[PDB]
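As the structure lists them, so they are numbered: ligands from 1, and atoms in each ligand from 1. Just so it is clear: chains get the letters A, B, ... in the order the sequence lines come, proteins before strands, and each one is counted from 1.
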Amino acid sequence: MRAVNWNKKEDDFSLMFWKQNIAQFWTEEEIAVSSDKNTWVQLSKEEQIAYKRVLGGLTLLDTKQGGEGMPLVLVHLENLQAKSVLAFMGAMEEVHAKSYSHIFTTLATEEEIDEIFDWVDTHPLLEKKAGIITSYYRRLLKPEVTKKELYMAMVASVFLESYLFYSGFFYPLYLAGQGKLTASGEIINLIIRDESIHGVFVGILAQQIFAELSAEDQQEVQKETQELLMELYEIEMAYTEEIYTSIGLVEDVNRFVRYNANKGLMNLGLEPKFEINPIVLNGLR
Amino acid sequence: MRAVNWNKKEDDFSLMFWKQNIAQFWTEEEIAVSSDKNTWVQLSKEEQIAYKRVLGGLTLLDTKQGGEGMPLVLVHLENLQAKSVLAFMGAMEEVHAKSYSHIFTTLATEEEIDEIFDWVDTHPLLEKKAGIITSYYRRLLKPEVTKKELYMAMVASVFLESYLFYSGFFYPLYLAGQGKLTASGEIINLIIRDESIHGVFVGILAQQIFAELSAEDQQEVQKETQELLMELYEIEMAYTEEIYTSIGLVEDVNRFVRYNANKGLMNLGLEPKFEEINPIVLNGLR
Ligand SMILES: [Mn+2]
Ligand SMILES: [Mn+2]
Ligand SMILES: [Mn+2]
Ligand SMILES: [Mn+2]
């Protein structure tokens with residue numbers, strides 16, 4: 001039975017990602033958010049509701065990535081150095097999820113917070129979206145998996161990391177780009193910095209597996225990947241309509257979703273399928 | 001589908017362990033080990049071989065705990081806050097494993113290191129020991145698991161964290177207690193500080209699951225736990241004989257293995273099954 005041996009590289013990238021993950025390490029106690037109250041109270045009721053809802057959705061996605069996506073993809077890897085990186089990335093998803101609770105503590109009463117999480121749990125689009133992704137992860141709950149199954153779990157993971165978060169990240173970035181909720185915006189920026197390298201890394205692992213598949217299997221997963229992309233897109237467009245119609249931002253968020261869907265495809269070595277908002281860009285500064 | 005909500009406690013302990021795991025965060029770059037070369041050369045060939053072999057075994061156990069034990073237990077937990085803690089603990093196992101490579105880079109040539117890892121991979125007792133533990137983890141590779149299966153995976157994990165590491169930890173502690181390889185000893189002490197909390201936490205989770213089982217299932221897993229304890233003990237005694245006979249430490253290590261097996265049992269809420277810590281080892285823990 002093999003032990004991980006870092007003195008003999010298993011690939012040309014795991015060590016750099018290991019070091020970068022650790023270089024980026026942070027926790028919610030580093031960013032105090034109480035000063036956001038002064039701009040929080042300036043938001044309309046509809047704006048506050050949208051913000052809380054998107055952060056609830058982000059919390060759900062990080063919960064599933066740390067508790068299902070990273071663990072189940074990493075248990076089936078043969079590359080022990082890449083497994084190490086994924087384990088750390090999974091822990092960081094739990095840091096991310098806990099940081100949303102830190103934001104909530106400042107922006108909402110205890111009763112308001114539990115209402116957010118009840119809304120998350122009973123929400124049909126969030127259930128459908130998370131169910132589609134986790135179906136690929138739960139396919140790995142068996143002793144022997146195929147490379148097509150592992151590849152598609154990695155595709156699902158890249159799509160979560162590089163694409164499904166972004167209908168939610170839009171709004172904290174959009175507000176922070178205007179000087180509103182900038183401390184929470186700093187947290188979201190730290191989260192994004194992590195998700196960006198998560199998506200690149202899992203996409204490298206996916207491309208390595210893809211190269212080992214037969215031509216027939218390659219065709220099959222290419223079709224599944226394109227179909228998954230567009231299945232998620234239809235759900236995202238329903239989600240942005242539900243969240244953002246009240247505040248007039250639906251088409252802006254949709255443009256942002258498509259930009260990030262293209263980045264997810266590129267992380268997998270695939271061509272873009274869709275043809276950044278300048279305020280969001282200022283929030284990423 | 002539920003998202004983790006830290007503003008409503010799911011249990012009385014996960015937040016405390018979350019905070020403590022983070023308070024204890026470290027990486028290998030924080031302890032330079034080059035100064036250990038001066039005492040490494042004072043050791044005999046047999047002492048150096050023993051040290052490299054036990055660190056190889058430790059690396060294997062951490063590799064399996066980070067890559068199988070924590071992930072598969074955490075997947076099946078319903079408590080999202082406890083899942084969060086286990087994910088962080090699993091990442092720390094990978095930090096631990098990488099820290100052994102950091103020690104090796106100072107103490108061995110590239111060829112000597114590859115020899116260590118070849119020895120680990122082909123070693124029959126390490127394969128048997130790790131295979132027993134990971135068999136409990138690999139029972140969780142299915143869509144739905146029983147509480148008996150989850151409980152026994154947690155028992156196996158506590159036995160790894162609180163018991164099976166210690167035939168290996170003995171020697172770095174013994175040497176550090178004699179002023180040898182003290183920088184490496186500092187790393188091992190950081191690892192032990194983590195494993196100690198890992199075993200306590202998983203043991204709490206196991207006790208909670210146990211209390212939820214039917215009486216028939218409780219009787220089954222109680223017997224299986226005691227059998228597993230003693231099956232592992234027989235293997236550990238073969239392992240310590242193999243590693244430590246050449247340096248005259250077998251009975252001392254065995255004394256330390258039993259002390260830690262009792263701690264693992266206590267972490268599970270169970271009575272000790274074996275009859276003070278060696279004073280040199282104690283000085284290495286200071
Ligand atoms: Mn995350
Ligand atoms: Mn991520
Ligand atoms: Mn460890
Ligand atoms: Mn541990």
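- B:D62 contributes OD1 as its N, O or S atom closest to the Mn ion (ligand 3).
- The closest side-chain heavy-atom distance from A:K98 to A:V95 is not below 4.5 Å.
- With 2.8 Å as the limit, B:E195 counts as an N, O or S neighbour of the Mn ion (ligand 4).
- Taking a cutoff of 4.0 Å between a charged side-chain nitrogen and a carboxylate oxygen, A:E10 and A:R2 qualify as a salt bridge.
- For the pair A:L74 and B:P71, the minimum side-chain heavy-atom distance is below 4.5 Å.
- A cation-pi arrangement is present between B:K129 and B:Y239 under the rule of less than 6.0 angstrom and at most 45 degrees off the ring axis.
- The environment of CD in A:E78 is sparse: at most 12 heavy-atom neighbours from other residues, nucleotides or ligands sit within 6.0 Å.
- The Mn ion (ligand 4) is closest to atom ND1 of B:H198 (considering only N, O or S atoms).
- A heavy-atom distance below 4.5 Å is not found between the side chains of A:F201 and A:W18.
- For residue A:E161, an N/O/S atom approaches the Mn ion (ligand 2) to within less than 2.8 Å.
- The N, O or S atom of A:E93 with the smallest distance to the Mn ion (ligand 2) is OE2.
- Atom ND1 is the N, O or S atom of B:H96 at the shortest distance from the Mn ion (ligand 3).
- Among the atoms of A:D194, no N, O or S atom is found under 2.8 Å from the Mn ion (ligand 2).
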